[PDB]
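Residue numbers (the deposited numbering): 1 to 118.
(1) What I want to know is whether the C-beta of residue 55 ends up closer than 8 Å to one or more non-hydrogen atoms of the ligand NAP.
(2) For residue 64, which beta-bridge partners are listed by DSSP?
(3) Drop a sphere of 10 angstroms on the beta-carbon of residue 25, count the other beta-carbons inside from all chains shown, and report buried for 16 or more, exposed for fewer.
(4) Out of 21, 101 and 83, state which residue places its alpha-carbon closest to the alpha-carbon of residue 37.
(5) Using the beta-carbon count (16 or more within 10 Å), is residue 41 buried or exposed?
(6) Identify whether residue 107 lies in helix, strand or coil by the three-state DSSP scheme.
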């Protein structure tokens, strides 16, 4: 098995962050690809709130990806594939080689409109 919940809490992580608060703070931050996460309740799974300004909504796109869990100690956003934890799933999604130097897109939470813009 594998866990992940701990003291860690940079920005993308948030204790019970409202999906709507993520969308507004996401669009408000203006980071194309903002990424946030919060605990659920029914399955006790995690939800990833990410947004961007370059898609169906060129000026503000958002979507909360959640993880479903089956009674076989597994999780997934689509039964097509499922791991034993949310973090394990997200990591299994990228699995890219030496190309970048950091996962996730922009660590933003309930409120953190920084936007370095360089």
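Backbone N, C-alpha and C fix where the C-beta goes; we use that ideal spot for every residue, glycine too.
Let me lay it out:
(1) Inclusion of the ligand NAP in the displayed structure is not the case, the ligand content being empty and no account of it being possible.
(2) As a first step, residue 64 must be located in the chain shown, where it is residue number 64. Looking at the DSSP assignment, residue 64 forms a beta bridge with 49.
(3) Start at 1 with the first residue of the chain shown, and residue 25 comes out as number 25. Result: buried.
(4) If you number the chain shown from 1, residue 37 lands on position 37. Among 21, 101 and 83, the Cα nearest to that of residue 37 is on 21.
(5) Stepping through the chain shown from its first residue, residue 41 is reached at position 41. By the 10 Å Cβ count, residue 41 comes out exposed.
(6) Position 107 of the chain shown, counted from the start, is the residue given in the question as residue 107. Strand at residue 107.
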